[PDB]
Amino acid sequence: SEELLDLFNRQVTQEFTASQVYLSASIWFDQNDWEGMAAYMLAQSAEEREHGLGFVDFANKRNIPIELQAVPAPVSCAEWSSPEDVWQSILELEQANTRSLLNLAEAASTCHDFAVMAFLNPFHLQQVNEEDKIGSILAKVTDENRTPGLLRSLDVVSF
Amino acid sequence: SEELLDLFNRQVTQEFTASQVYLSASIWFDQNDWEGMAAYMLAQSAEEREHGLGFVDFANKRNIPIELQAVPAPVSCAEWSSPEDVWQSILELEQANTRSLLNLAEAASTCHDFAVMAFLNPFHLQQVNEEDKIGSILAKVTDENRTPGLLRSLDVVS
Amino acid sequence: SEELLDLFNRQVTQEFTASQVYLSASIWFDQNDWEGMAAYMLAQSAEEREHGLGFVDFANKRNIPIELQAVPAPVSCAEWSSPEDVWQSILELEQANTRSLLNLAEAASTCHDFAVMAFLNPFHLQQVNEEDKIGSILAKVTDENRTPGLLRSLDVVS
Amino acid sequence: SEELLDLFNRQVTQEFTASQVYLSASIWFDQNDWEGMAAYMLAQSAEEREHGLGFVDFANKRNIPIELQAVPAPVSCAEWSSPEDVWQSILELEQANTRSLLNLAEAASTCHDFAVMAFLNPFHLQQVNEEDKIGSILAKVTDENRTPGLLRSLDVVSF
Amino acid sequence: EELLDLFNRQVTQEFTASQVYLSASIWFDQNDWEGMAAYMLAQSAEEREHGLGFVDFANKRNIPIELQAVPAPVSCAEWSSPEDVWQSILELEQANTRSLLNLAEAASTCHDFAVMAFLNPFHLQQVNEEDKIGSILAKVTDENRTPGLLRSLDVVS
Amino acid sequence: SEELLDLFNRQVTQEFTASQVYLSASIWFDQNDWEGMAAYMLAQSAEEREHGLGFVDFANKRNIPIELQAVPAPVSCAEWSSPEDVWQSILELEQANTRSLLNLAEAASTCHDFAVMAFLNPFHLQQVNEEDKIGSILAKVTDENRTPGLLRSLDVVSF
Ligand SMILES: [Fe+3]
Ligand SMILES: [Fe+3]
Ligand SMILES: [Fe+3]
Ligand SMILES: [Fe+3]
Ligand SMILES: [Fe+3]
Ligand SMILES: [Fe+3]
Ligand SMILES: [Fe+3]
Ligand SMILES: [Fe+3]
Ligand SMILES: [Fe+3]
Ligand SMILES: [Fe+3]
Ligand SMILES: [Fe+3]
Ligand SMILES: [Fe+3]
Ligand SMILES: [Fe+3]
Ligand SMILES: [Fe+3]
Ligand SMILES: [Fe+3]
Ligand SMILES: [Fe+3]
Ligand SMILES: [Fe+3]
Ligand SMILES: [Fe+3]
Ligand SMILES: [Fe+3]
Ligand SMILES: [Fe+3]
Ligand SMILES: [Fe+3]
Ligand SMILES: [Fe+3]
Ligand SMILES: [Fe+3]
Ligand SMILES: [Fe+3]
Numbered sequence: 001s002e003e004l005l006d007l008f009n010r011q012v013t014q015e016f017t018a019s020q021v022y023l024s025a026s027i028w029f030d031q032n033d034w035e036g037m038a039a040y041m042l043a044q045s046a047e048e049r050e051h052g053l054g055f056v057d058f059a060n061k062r063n064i065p066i067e068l069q070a071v072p073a074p075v076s077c078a079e080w081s082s083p084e085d086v087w088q089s090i091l092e093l094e095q096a097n098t099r100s101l102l103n104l105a106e107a108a109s110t111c112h113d114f115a116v117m118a119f120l121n122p123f124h125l126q127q128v129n130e131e132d133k134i135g136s137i138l139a140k141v142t143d144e145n146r147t148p149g150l151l152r153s154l155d156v157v158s159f
Numbered sequence: 001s002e003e004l005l006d007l008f009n010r011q012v013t014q015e016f017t018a019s020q021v022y023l024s025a026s027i028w029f030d031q032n033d034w035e036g037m038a039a040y041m042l043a044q045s046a047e048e049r050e051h052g053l054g055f056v057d058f059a060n061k062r063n064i065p066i067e068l069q070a071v072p073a074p075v076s077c078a079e080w081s082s083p084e085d086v087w088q089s090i091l092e093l094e095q096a097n098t099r100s101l102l103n104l105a106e107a108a109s110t111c112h113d114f115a116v117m118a119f120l121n122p123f124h125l126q127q128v129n130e131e132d133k134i135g136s137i138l139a140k141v142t143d144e145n146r147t148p149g150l151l152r153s154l155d156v157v158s
Numbered sequence: 001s002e003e004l005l006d007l008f009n010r011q012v013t014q015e016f017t018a019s020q021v022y023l024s025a026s027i028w029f030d031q032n033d034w035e036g037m038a039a040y041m042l043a044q045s046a047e048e049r050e051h052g053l054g055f056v057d058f059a060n061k062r063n064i065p066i067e068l069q070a071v072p073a074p075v076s077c078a079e080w081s082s083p084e085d086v087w088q089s090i091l092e093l094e095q096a097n098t099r100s101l102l103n104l105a106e107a108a109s110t111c112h113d114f115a116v117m118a119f120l121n122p123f124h125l126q127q128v129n130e131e132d133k134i135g136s137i138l139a140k141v142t143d144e145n146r147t148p149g150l151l152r153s154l155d156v157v158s
Numbered sequence: 001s002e003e004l005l006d007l008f009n010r011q012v013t014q015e016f017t018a019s020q021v022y023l024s025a026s027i028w029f030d031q032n033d034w035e036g037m038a039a040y041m042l043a044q045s046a047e048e049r050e051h052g053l054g055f056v057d058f059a060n061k062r063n064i065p066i067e068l069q070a071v072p073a074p075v076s077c078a079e080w081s082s083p084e085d086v087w088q089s090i091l092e093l094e095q096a097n098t099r100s101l102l103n104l105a106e107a108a109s110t111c112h113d114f115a116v117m118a119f120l121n122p123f124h125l126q127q128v129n130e131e132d133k134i135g136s137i138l139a140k141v142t143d144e145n146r147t148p149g150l151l152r153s154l155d156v157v158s159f
Numbered sequence: 002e003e004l005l006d007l008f009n010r011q012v013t014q015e016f017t018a019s020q021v022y023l024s025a026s027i028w029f030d031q032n033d034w035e036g037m038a039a040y041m042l043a044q045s046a047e048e049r050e051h052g053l054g055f056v057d058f059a060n061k062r063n064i065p066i067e068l069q070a071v072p073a074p075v076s077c078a079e080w081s082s083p084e085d086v087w088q089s090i091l092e093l094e095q096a097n098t099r100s101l102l103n104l105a106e107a108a109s110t111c112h113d114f115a116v117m118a119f120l121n122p123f124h125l126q127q128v129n130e131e132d133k134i135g136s137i138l139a140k141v142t143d144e145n146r147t148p149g150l151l152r153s154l155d156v157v158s
Numbered sequence: 001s002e003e004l005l006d007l008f009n010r011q012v013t014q015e016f017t018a019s020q021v022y023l024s025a026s027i028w029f030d031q032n033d034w035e036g037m038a039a040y041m042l043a044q045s046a047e048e049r050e051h052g053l054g055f056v057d058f059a060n061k062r063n064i065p066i067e068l069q070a071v072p073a074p075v076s077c078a079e080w081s082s083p084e085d086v087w088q089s090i091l092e093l094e095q096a097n098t099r100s101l102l103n104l105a106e107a108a109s110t111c112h113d114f115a116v117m118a119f120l121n122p123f124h125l126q127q128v129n130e131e132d133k134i135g136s137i138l139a140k141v142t143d144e145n146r147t148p149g150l151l152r153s154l155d156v157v158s159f
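Chains as they are written, first to last, in the deposited numbering: chain H, 1 to 159; chain A, 1 to 158; chain E, 1 to 158; chain F, 1 to 159; chain C, 2 to 158; chain B, 1 to 159.
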């Protein structure tokens with residue numbers, strides 16, 4: 001189960017990578033005066049960190065060694081020029097979180113590690129809800145930004 | 001020094017000038033049926049007057065003589081044509097409030113006037129917040145006013 | 001009527017002028033350690049500004065164009081040398097406020113402007129109350145100040 | 001740093017010295033039946049002690065060595081004959097507290113000691129207020145004492 | 002601009018410190034020091050909040066922020082007792098303090114009164130933090146002179 | 001009686017001296033990270049100052065003229081090297097406060113000063129309690145310090 005222990009360790013890196021990418025989106029939104037979208041992103045940055053800390057806590061309890069890796073620099077911000085660019089990157093980010101969790105669950109399954117598979121269940125369900133929510137926001141964003149100025153009313157109203 | 005006392009007095013005039021220019025903006029907004037923006041400007045007129053009163057109160061305590069100057073007539077209101085023009089003038093007003101506080105702080109720093117520097121700290125931080133907030137409103141106004149009527153939404157909501 | 005529009009604008013100037021004169025007074029009092037009288041002047045400074053704002057609000061609703069004028073530098077504080085002098089100048093200030101209101105009401109009457117006359121009624125009555133209160137304070141200040149120190153012992157009616 | 005550490009110690013001394021001088025003034029007032037002015041001085045004695053204690057606490061946290069110095073016998077009370085003499089000595093005392101703080105800040109500024117400067121900020125503003133208040137009381141006392149017996153009104157009604 | 006660079010660097014420093022505290026909580030947990038682990042975990046949260054505060058002020062003040070990589074913590078590999086961990090944490094807070102002071106010096110040279118004012122509560126916070134960490138290190142060092150006695154500090158937390 | 005006046009004044013000096021010495025103990029404890037013992041000594045510093053204030057207040061009422069003397073610099077902290085040293089010095093301090101109260105009572109008894117004797121009664125009983133309590137803590141400190149680290153473990157708990 002060297003694969004399982006390694007992937008578990010890497011899941012913590014992935015969640016924290018996502019936290020930093022959300023924070024990067026917050027920053028872009030704030031610098032561009034989308035304070036409502038920036039607040040959503042900031043909240044999600046905290047939530048991803050909490051997912052990471054969940055993995056760490058479970059690993060400690062289950063004697064899965066955790067070695068904390070570099071958290072990479074977010075790079076998508078270099079290329080964002082509209083809110084749609086940001087939300088699309090966040091959709092991609094959540095799809096990558098989901099795939100990383102399914103890979104982990106597959107190694108757990110192969111190992112017959114019932115405890116890990118149980119631990120992961122609510123995370124699988126959470127990612128379903130998160131991808132749906134982000135996809136829905138992206139669809140709204142994309143539609144509203146067909147008329148100049150209109151997407152500014154999503155920011156002020158929702159968020 | 002002379003410079004320090006002169007600048008402290010002029011800060012009072014600056015806050016009260018800002019108060020009057022905010023009042024002028026509320027009037028333009030009101031006459032043009034932007035009651036939301038008018039109410040915000042009116043609230044800011046009151047706030048700038050409280051900043052001036054703050055400086056007057058400190059000056060009295062610290063024995064800095066205050067002589068109240070004329071508060072000039074607001075000038076920008078004659079040439080405003082849209083809410084974007086108002087908001088841009090208000091941003092510039094806040095930037096001038098900020099520069100004036102920084103010049104005051106400089107003069108206090110030169111005199112080693114630690115009490116004045118301490119008194120000014122929250123005003124420096126308030127200005128950061130105010131410039132950010134006004135700059136953000138201005139960006140929103142500029143963006144929404146690209147579609148006829150849409151800005152009239154900002155007003156009625158927020 | 002040009003006369004009624006002009007006078008309505010002048011009333012705003014007069015209220016704000018009064019606001020600054022009261023502030024000047026609070027300053028004189030505070031610098032001379034009359035903290036109770038200073039607080040009273042500060043409160044009256046706020047109240048005059050509220051009158052001005054009420055005029056501006058009504059003008060906006062009634063489509064009377066307001067152009068904000070310079071608010072002049074208070075000058076009586078160069079001559080004040082006792083509390084009596086300050087209160088006397090405050091009395092004369094309120095008498096001028098009352099006169100400008102009466103002149104406005106006169107123009108409104110001439111024009112048969114019933115709404116303006118109704119709007120002014122509470123201000124006419126308020127001026128009765130204010131001239132009465134300030135007059136009574138002045139008489140008390142004048143009487144107490146006939147014994148050294150005695151006036152001080154009643155600013156501590158803070 | 002020699003001078004900064006010396007001045008920081010001396011500040012504790014100055015606050016406790018002021019505490020003692022205010023106590024002396026409470027004594028003089030009490031003995032002369034100014035119980036209101038006496039209670040005020042006694043409150044100020046406690047307040048100055050609190051300032052000194054705040055300096056001691058900060059010094060402990062910041063590893064600034066404190067050695068407590070003698071608190072000298074107050075000597076102004078030997079010469080006070082009227083309430084006016086006492087309040088003038090108390091004004092001068094506060095003026096000396098203020099000067100001492102400004103000297104300490106100057107030494108902190110020279111050392112680029114940003115933490116000490118920040119700690120001092122509320123003390124700088126407190127001194128403005130105290131000098132103002134003591135200054136105002138002195139003017140009232142000097143005015144009211146121009147009529148025999150009138151100053152006993154300040155004591156009883158106020159205070 | 003040395004000031005803009007140093008302001009960016011402060012965000013990185015705080016997040017670095019967040020990770021290092023997380024690494025400490027891990028070492029403590031794995032070695033059954035649950036009380037000390039809880040403390041480090043709370044301090045990890047706190048460092049991240051400091052970093053967030055600098056990002057927020059920078060956004061308001063138009064100081065461009067670009068998030069850097071958060072380096073992996075390195076000290077855990079060599080910790081062998083609680084004393085080692087708390088020593089590393091004291092050092093970490095000393096570095097936090099030094100970086101804040103460097104930032105304040107750059108701000109001072111630029112006459113940037115707003116940045117200097119914003120940093121004031123952080124300078125005071127560092128004083129309290131280095132004091133508290135110092136004091137814990139001292140207790141830990143003392144109590145660990147008797148086999149098993151340090152487990153008492155933990156369980157009374 | 002000049003002796004009674006002199007002893008009454010010396011009592012004030014002794015209480016204030018005790019206040020400073022307790023403060024010095026708070027500082028040595030704080031510097032050496034004994035925060036609990038430091039808090040205790042700080043509280044006792046305030047209590048001693050209150051005793052002094054109670055003596056000043058009684059003296060003013062009874063027309064016993066008080067002249068504040070110098071409060072000497074505490075010097076025992078230069079030689080304290082363990083908590084036992086500090087607590088031993090505090091026991092000796094309380095024993096000196098008791099002796100000065102007994103000397104004052106003796107002088108009041110000689111003068112048949114019934115009011116001063118009555119005034120002193122609560123302080124005589126308070127000293128019994130204080131010497132008992134300090135003696136008991138000193139015993140505990142002395143015993144616990146026989147095992148490396150054990151004393152620390154109880155600063156943390158007690159106090
Ligand atoms: Fe923002
Ligand atoms: Fe959650
Ligand atoms: Fe996640
Ligand atoms: Fe997620
Ligand atoms: Fe309207
Ligand atoms: Fe302002
Ligand atoms: Fe402003
Ligand atoms: Fe005042
Ligand atoms: Fe009103
Ligand atoms: Fe009026
Ligand atoms: Fe009036
Ligand atoms: Fe008495
Ligand atoms: Fe206090
Ligand atoms: Fe206080
Ligand atoms: Fe003080
Ligand atoms: Fe003081
Ligand atoms: Fe555990
Ligand atoms: Fe930090
Ligand atoms: Fe920290
Ligand atoms: Fe401590
Ligand atoms: Fe007590
Ligand atoms: Fe007691
Ligand atoms: Fe005692
Ligand atoms: Fe005692």
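All C-beta atoms in this analysis are idealised placements derived from N, C-alpha and C, irrespective of residue type, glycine included.
Hey, how far is the Cα of residue 105(C) from the Cα of residue 54(C)?
-> 16 Å
Looking at residue 18(A) and ligand 7, is the gap between the Cβ and the nearest heavy atom below 7 Å?
-> yes
With respect to the alpha helix (DSSP H) encompassing residue 62(H), which residues constitute its N-terminal and C-terminal limits?
-> Where residue 62(H) is concerned, there is no enclosing alpha helix (DSSP H), given that its DSSP letter is neither H nor E.
Cβ-based contacts, 9 Å cut-off: residues of the region 68 to 89 of chain F near chain A = none
From the DSSP output, which residues share a beta bridge with residue 75(F)?
-> DSSP lists no partner for residue 75(F).
If you draw a straight line from the alpha carbon of residue 138(C) to that of residue 38(B), how long is it in whole angstroms?
-> 17 Å
CB-CB length for residue 1(B) against residue 22(B), believed under 8 Å = Their Cβ separation, rounded to whole angstroms, is 31 Å, which puts residue 1(B) and residue 22(B) out of contact at 8 Å.
Chain-ordered neighbours of residue 24(H) on chain C, where CB pairs are closer than 8 Å = 68
Mind the definition here: the region 115 to 132 of chain H touches the region 116 to 130 of chain A only if three or more C-beta pairs lie below 8 Å; say whether that holds.
-> no
Would you verify that the beta carbon of residue 44(C) is, or is not, closer than 8 Å to some beta carbon of chain H?
-> no
Determine the extent of the alpha helix (DSSP H) in which residue 124(E) is found, giving its start and end residues.
-> 114 to 144
Check the Cβ-Cβ distances between residue 155(F) and every residue of chain E, and say whether any is below 8 Å.
-> no
Going straight from the alpha carbon of residue 11(B) to that of residue 49(B), what length do you get?
-> 11 Å
Taking the C-alpha atoms as reference points, what is the distance between residue 118(B) and residue 136(B)?
-> 28 Å
Could you tell me which of 77(H), 84(H), 94(H) and 76(H) sits nearest to residue 129(H), measuring between CA atoms?
-> 94(H)
Measuring alpha carbon to alpha carbon, tell me which of 25(E), 7(E) and 14(E) ends up nearest residue 88(E).
-> 25(E)
Proximal residues of chain A, C-beta to C-beta of residue 20(E) below 8 Å | 68 and 71
Close beta carbons around residue 69(C), own chain, < 6 Å, minus the five adjacent residues each side = 13
So the alpha helix (DSSP H) residue 15(B) belongs to, where does it begin and stop?
-> 2 to 31
Any C-beta of chain H under 8 Å from that of residue 98(A) = no
Check whether the Cβ of residue 119(A) lies closer than 8 Å to any Cβ atom in chain F.
-> yes
For residue 144(E), decide whether its Cβ has a neighbour in chain F, counting only Cβ atoms nearer than 8 Å.
-> no
Starting from the beta carbon of residue 56(F), find every residue of chain B whose beta carbon is closer than 7 Å, and list them in chain order.
-> 27
Nearest-angstrom Cα distance between residue 80(C) and residue 71(C)?
-> 21 Å
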